[PDB]
file protein-v2.pdb (PDB, C-alpha atoms)
ATOM      1  CA  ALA A   1      -5.200 -21.075  82.116  1.00  0.00           C
ATOM      2  CA  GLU A   2      -5.461 -24.848  81.749  1.00  0.00           C
ATOM      3  CA  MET A   3      -7.046 -25.299  85.186  1.00  0.00           C
ATOM      4  CA  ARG A   4      -9.560 -22.473  84.741  1.00  0.00           C
ATOM      5  CA  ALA A   5     -10.537 -23.723  81.281  1.00  0.00           C
ATOM      6  CA  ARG A   6     -11.119 -27.311  82.390  1.00  0.00           C
ATOM      7  CA  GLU A   7     -13.136 -26.109  85.398  1.00  0.00           C
ATOM      8  CA  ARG A   8     -15.420 -23.962  83.224  1.00  0.00           C
ATOM      9  CA  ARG A   9     -15.921 -26.756  80.686  1.00  0.00           C
ATOM     10  CA  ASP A  10     -16.727 -29.326  83.388  1.00  0.00           C
ATOM     11  CA  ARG A  11     -19.347 -27.065  84.961  1.00  0.00           C
ATOM     12  CA  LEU A  12     -20.899 -26.575  81.520  1.00  0.00           C
ATOM     13  CA  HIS A  13     -20.991 -30.327  80.846  1.00  0.00           C
ATOM     14  CA  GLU A  14     -22.822 -30.971  84.111  1.00  0.00           C
ATOM     15  CA  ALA A  15     -25.335 -28.206  83.411  1.00  0.00           C
ATOM     16  CA  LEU A  16     -25.998 -29.618  79.934  1.00  0.00           C
ATOM     17  CA  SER A  17     -26.742 -33.076  81.331  1.00  0.00           C
ATOM     18  CA  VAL A  18     -29.262 -31.533  83.718  1.00  0.00           C
ATOM     19  CA  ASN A  19     -30.839 -29.589  80.846  1.00  0.00           C
ATOM     20  CA  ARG A  20     -31.361 -32.726  78.762  1.00  0.00           C
ATOM     21  CA  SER A  21     -33.040 -34.517  81.672  1.00  0.00           C
ATOM     22  CA  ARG A  22     -35.332 -31.551  82.334  1.00  0.00           C
ATOM     23  CA  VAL A  23     -36.330 -31.332  78.675  1.00  0.00           C
ATOM     24  CA  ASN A  24     -37.230 -35.022  78.568  1.00  0.00           C
ATOM     25  CA  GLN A  25     -39.503 -34.948  81.618  1.00  0.00           C
ATOM     26  CA  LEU A  26     -41.209 -31.704  80.600  1.00  0.00           C
ATOM     27  CA  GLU A  27     -41.698 -33.128  77.099  1.00  0.00           C
ATOM     28  CA  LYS A  28     -43.574 -36.057  78.614  1.00  0.00           C
ATOM     29  CA  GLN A  29     -45.683 -33.692  80.717  1.00  0.00           C
ATOM     30  CA  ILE A  30     -46.486 -31.540  77.672  1.00  0.00           C
ATOM     31  CA  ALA A  31     -47.544 -34.461  75.494  1.00  0.00           C
ATOM     32  CA  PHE A  32     -49.685 -36.096  78.176  1.00  0.00           C
ATOM     33  CA  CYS A  33     -51.448 -32.923  79.284  1.00  0.00           C
ATOM     34  CA  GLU A  34     -52.123 -31.718  75.735  1.00  0.00           C
ATOM     35  CA  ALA A  35     -53.704 -35.058  74.857  1.00  0.00           C
TER
ATOM     36  CA  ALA B   1      -6.118 -46.157  61.536  1.00  0.00           C
ATOM     37  CA  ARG B   2      -8.333 -43.264  60.467  1.00  0.00           C
ATOM     38  CA  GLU B   3     -10.331 -45.373  57.995  1.00  0.00           C
ATOM     39  CA  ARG B   4     -11.320 -47.890  60.686  1.00  0.00           C
ATOM     40  CA  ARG B   5     -12.104 -45.347  63.394  1.00  0.00           C
ATOM     41  CA  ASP B   6     -14.060 -43.150  60.951  1.00  0.00           C
ATOM     42  CA  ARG B   7     -16.236 -45.989  59.675  1.00  0.00           C
ATOM     43  CA  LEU B   8     -16.749 -46.889  63.337  1.00  0.00           C
ATOM     44  CA  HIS B   9     -17.818 -43.295  64.072  1.00  0.00           C
ATOM     45  CA  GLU B  10     -20.422 -43.258  61.316  1.00  0.00           C
ATOM     46  CA  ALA B  11     -21.683 -46.696  62.377  1.00  0.00           C
ATOM     47  CA  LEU B  12     -22.081 -45.348  65.922  1.00  0.00           C
ATOM     48  CA  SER B  13     -24.029 -42.349  64.653  1.00  0.00           C
ATOM     49  CA  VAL B  14     -26.374 -44.579  62.646  1.00  0.00           C
ATOM     50  CA  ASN B  15     -27.012 -46.903  65.591  1.00  0.00           C
ATOM     51  CA  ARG B  16     -27.741 -44.016  67.958  1.00  0.00           C
ATOM     52  CA  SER B  17     -30.067 -42.410  65.402  1.00  0.00           C
ATOM     53  CA  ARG B  18     -31.994 -45.681  65.115  1.00  0.00           C
ATOM     54  CA  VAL B  19     -32.275 -45.868  68.904  1.00  0.00           C
ATOM     55  CA  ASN B  20     -33.635 -42.324  69.158  1.00  0.00           C
ATOM     56  CA  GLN B  21     -36.128 -42.838  66.322  1.00  0.00           C
ATOM     57  CA  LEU B  22     -37.521 -46.034  67.834  1.00  0.00           C
ATOM     58  CA  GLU B  23     -37.770 -44.461  71.295  1.00  0.00           C
ATOM     59  CA  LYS B  24     -39.765 -41.522  69.928  1.00  0.00           C
ATOM     60  CA  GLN B  25     -42.161 -43.865  68.135  1.00  0.00           C
ATOM     61  CA  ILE B  26     -42.647 -45.990  71.260  1.00  0.00           C
ATOM     62  CA  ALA B  27     -43.296 -42.924  73.436  1.00  0.00           C
ATOM     63  CA  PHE B  28     -45.981 -41.810  70.979  1.00  0.00           C
ATOM     64  CA  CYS B  29     -47.534 -45.269  71.183  1.00  0.00           C
ATOM     65  CA  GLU B  30     -47.549 -45.073  74.991  1.00  0.00           C
ATOM     66  CA  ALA B  31     -49.378 -41.748  75.108  1.00  0.00           C
TER
END

call {"tool": "encode", "arguments": {"input": "protein-v2.pdb", "output": "structure tokens"}}
result
Amino acid sequence: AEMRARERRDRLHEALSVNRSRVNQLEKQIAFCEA
Amino acid sequence: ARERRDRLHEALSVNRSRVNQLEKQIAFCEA
């Protein structure tokens, strides 16, 4: 169970990092285009 | 031990909040 749990959590961490990066760039696009 | 690490935690949170606030302001200025 330990191995499966750590694998799932690691995948989720990586996905979350990607999500934060995506949000930042799309936030910049939104602000610039709206202005 | 817990007193020192806890006051360190809250100091970290304050510093990171300041960083985020200033970055948001500067991004607004840029646009």

call {"tool": "closest_atom_pairs", "arguments": {"input": "protein-v2.pdb", "of": "chain B", "to": "chain A", "cutoff": "12 Å", "atoms": "only C-alpha atoms", "output": "CSV"}}
result
residue,atom,partner,partner_atom,distance
B:23,CA,A:24,CA,11.9
B:24,CA,A:28,CA,10.9
B:27,CA,A:28,CA,8.6
B:28,CA,A:31,CA,8.8
B:29,CA,A:31,CA,11.6
B:30,CA,A:32,CA,9.8
B:31,CA,A:32,CA,6.4

call {"tool": "atom_distance", "arguments": {"input": "protein-v2.pdb", "atom1": "CA of residue 7 (chain A)", "atom2": "CA of residue 23 (chain A)"}}
result
24.7 Å

call {"tool": "atom_distance", "arguments": {"input": "protein-v2.pdb", "atom1": "CA of residue 22 (chain A)", "atom2": "CA of residue 5 (chain A)"}}
result
26.0 Å

call {"tool": "atom_distance", "arguments": {"input": "protein-v2.pdb", "atom1": "CA of residue 19 (chain A)", "atom2": "CA of residue 6 (chain A)"}}
result
19.9 Å

call {"tool": "decode", "arguments": {"input": "protein-v2.pdb", "residues": "region 1-25 of chain B", "atoms": "N, CA, C and O atoms", "output": "PDB file, in the first residue's frame"}}
result
ATOM      1  N   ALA B   1      11.598  23.064  21.132  1.00  0.00           N
ATOM      2  CA  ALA B   1      11.792  22.950  19.690  1.00  0.00           C
ATOM      3  C   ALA B   1      10.595  23.511  18.931  1.00  0.00           C
ATOM      4  O   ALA B   1      10.752  24.241  17.951  1.00  0.00           O
ATOM      5  N   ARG B   2       9.392  23.167  19.395  1.00  0.00           N
ATOM      6  CA  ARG B   2       8.183  23.558  18.678  1.00  0.00           C
ATOM      7  C   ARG B   2       7.993  25.072  18.660  1.00  0.00           C
ATOM      8  O   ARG B   2       7.503  25.624  17.671  1.00  0.00           O
ATOM      9  N   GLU B   3       8.363  25.764  19.737  1.00  0.00           N
ATOM     10  CA  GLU B   3       8.235  27.221  19.742  1.00  0.00           C
ATOM     11  C   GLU B   3       9.051  27.842  18.609  1.00  0.00           C
ATOM     12  O   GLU B   3       8.542  28.654  17.823  1.00  0.00           O
ATOM     13  N   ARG B   4      10.324  27.454  18.508  1.00  0.00           N
ATOM     14  CA  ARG B   4      11.208  28.007  17.484  1.00  0.00           C
ATOM     15  C   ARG B   4      10.735  27.660  16.076  1.00  0.00           C
ATOM     16  O   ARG B   4      10.634  28.538  15.210  1.00  0.00           O
ATOM     17  N   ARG B   5      10.423  26.388  15.824  1.00  0.00           N
ATOM     18  CA  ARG B   5      10.002  26.034  14.472  1.00  0.00           C
ATOM     19  C   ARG B   5       8.656  26.660  14.118  1.00  0.00           C
ATOM     20  O   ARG B   5       8.430  27.003  12.955  1.00  0.00           O
ATOM     21  N   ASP B   6       7.759  26.830  15.092  1.00  0.00           N
ATOM     22  CA  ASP B   6       6.461  27.438  14.803  1.00  0.00           C
ATOM     23  C   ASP B   6       6.595  28.923  14.485  1.00  0.00           C
ATOM     24  O   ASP B   6       5.963  29.427  13.540  1.00  0.00           O
ATOM     25  N   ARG B   7       7.390  29.653  15.273  1.00  0.00           N
ATOM     26  CA  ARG B   7       7.591  31.061  14.955  1.00  0.00           C
ATOM     27  C   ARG B   7       8.308  31.201  13.617  1.00  0.00           C
ATOM     28  O   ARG B   7       8.022  32.132  12.850  1.00  0.00           O
ATOM     29  N   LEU B   8       9.176  30.244  13.284  1.00  0.00           N
ATOM     30  CA  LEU B   8       9.783  30.227  11.957  1.00  0.00           C
ATOM     31  C   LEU B   8       8.740  29.992  10.865  1.00  0.00           C
ATOM     32  O   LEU B   8       8.786  30.627   9.805  1.00  0.00           O
ATOM     33  N   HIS B   9       7.805  29.067  11.096  1.00  0.00           N
ATOM     34  CA  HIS B   9       6.741  28.820  10.123  1.00  0.00           C
ATOM     35  C   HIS B   9       5.947  30.085   9.836  1.00  0.00           C
ATOM     36  O   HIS B   9       5.690  30.428   8.673  1.00  0.00           O
ATOM     37  N   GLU B  10       5.501  30.767  10.889  1.00  0.00           N
ATOM     38  CA  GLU B  10       4.670  31.949  10.671  1.00  0.00           C
ATOM     39  C   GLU B  10       5.476  33.072  10.023  1.00  0.00           C
ATOM     40  O   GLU B  10       4.950  33.819   9.184  1.00  0.00           O
ATOM     41  N   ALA B  11       6.762  33.198  10.375  1.00  0.00           N
ATOM     42  CA  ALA B  11       7.617  34.149   9.670  1.00  0.00           C
ATOM     43  C   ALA B  11       7.707  33.820   8.182  1.00  0.00           C
ATOM     44  O   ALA B  11       7.650  34.720   7.331  1.00  0.00           O
ATOM     45  N   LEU B  12       7.861  32.536   7.850  1.00  0.00           N
ATOM     46  CA  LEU B  12       7.906  32.130   6.449  1.00  0.00           C
ATOM     47  C   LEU B  12       6.621  32.518   5.734  1.00  0.00           C
ATOM     48  O   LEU B  12       6.649  33.032   4.607  1.00  0.00           O
ATOM     49  N   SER B  13       5.480  32.249   6.365  1.00  0.00           N
ATOM     50  CA  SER B  13       4.206  32.580   5.736  1.00  0.00           C
ATOM     51  C   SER B  13       4.107  34.074   5.469  1.00  0.00           C
ATOM     52  O   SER B  13       3.663  34.492   4.393  1.00  0.00           O
ATOM     53  N   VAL B  14       4.524  34.897   6.433  1.00  0.00           N
ATOM     54  CA  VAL B  14       4.451  36.345   6.248  1.00  0.00           C
ATOM     55  C   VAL B  14       5.347  36.786   5.095  1.00  0.00           C
ATOM     56  O   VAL B  14       4.951  37.607   4.255  1.00  0.00           O
ATOM     57  N   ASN B  15       6.574  36.266   5.045  1.00  0.00           N
ATOM     58  CA  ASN B  15       7.486  36.661   3.974  1.00  0.00           C
ATOM     59  C   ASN B  15       6.916  36.292   2.610  1.00  0.00           C
ATOM     60  O   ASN B  15       6.948  37.094   1.666  1.00  0.00           O
ATOM     61  N   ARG B  16       6.391  35.071   2.486  1.00  0.00           N
ATOM     62  CA  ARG B  16       5.860  34.627   1.202  1.00  0.00           C
ATOM     63  C   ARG B  16       4.614  35.419   0.810  1.00  0.00           C
ATOM     64  O   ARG B  16       4.410  35.728  -0.375  1.00  0.00           O
ATOM     65  N   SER B  17       3.785  35.790   1.788  1.00  0.00           N
ATOM     66  CA  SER B  17       2.647  36.656   1.495  1.00  0.00           C
ATOM     67  C   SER B  17       3.103  38.012   0.970  1.00  0.00           C
ATOM     68  O   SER B  17       2.528  38.540   0.009  1.00  0.00           O
ATOM     69  N   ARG B  18       4.127  38.596   1.596  1.00  0.00           N
ATOM     70  CA  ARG B  18       4.652  39.869   1.106  1.00  0.00           C
ATOM     71  C   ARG B  18       5.142  39.737  -0.332  1.00  0.00           C
ATOM     72  O   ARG B  18       4.887  40.607  -1.177  1.00  0.00           O
ATOM     73  N   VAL B  19       5.860  38.651  -0.620  1.00  0.00           N
ATOM     74  CA  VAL B  19       6.375  38.442  -1.971  1.00  0.00           C
ATOM     75  C   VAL B  19       5.225  38.402  -2.972  1.00  0.00           C
ATOM     76  O   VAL B  19       5.258  39.070  -4.016  1.00  0.00           O
ATOM     77  N   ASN B  20       4.190  37.613  -2.669  1.00  0.00           N
ATOM     78  CA  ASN B  20       3.071  37.491  -3.601  1.00  0.00           C
ATOM     79  C   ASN B  20       2.376  38.831  -3.809  1.00  0.00           C
ATOM     80  O   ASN B  20       2.042  39.200  -4.945  1.00  0.00           O
ATOM     81  N   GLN B  21       2.138  39.568  -2.722  1.00  0.00           N
ATOM     82  CA  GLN B  21       1.464  40.859  -2.829  1.00  0.00           C
ATOM     83  C   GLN B  21       2.243  41.800  -3.742  1.00  0.00           C
ATOM     84  O   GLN B  21       1.680  42.421  -4.660  1.00  0.00           O
ATOM     85  N   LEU B  22       3.551  41.916  -3.502  1.00  0.00           N
ATOM     86  CA  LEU B  22       4.363  42.825  -4.301  1.00  0.00           C
ATOM     87  C   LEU B  22       4.395  42.395  -5.765  1.00  0.00           C
ATOM     88  O   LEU B  22       4.354  43.240  -6.670  1.00  0.00           O
ATOM     89  N   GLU B  23       4.474  41.085  -6.022  1.00  0.00           N
ATOM     90  CA  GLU B  23       4.474  40.619  -7.406  1.00  0.00           C
ATOM     91  C   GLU B  23       3.174  40.982  -8.114  1.00  0.00           C
ATOM     92  O   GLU B  23       3.191  41.395  -9.279  1.00  0.00           O
ATOM     93  N   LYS B  24       2.036  40.817  -7.437  1.00  0.00           N
ATOM     94  CA  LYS B  24       0.766  41.180  -8.061  1.00  0.00           C
ATOM     95  C   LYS B  24       0.735  42.667  -8.399  1.00  0.00           C
ATOM     96  O   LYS B  24       0.335  43.065  -9.505  1.00  0.00           O
ATOM     97  N   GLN B  25       1.170  43.507  -7.457  1.00  0.00           N
ATOM     98  CA  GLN B  25       1.183  44.942  -7.726  1.00  0.00           C
ATOM     99  C   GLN B  25       2.054  45.263  -8.938  1.00  0.00           C
ATOM    100  O   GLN B  25       1.659  46.041  -9.819  1.00  0.00           O
TER     101      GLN B  25
END
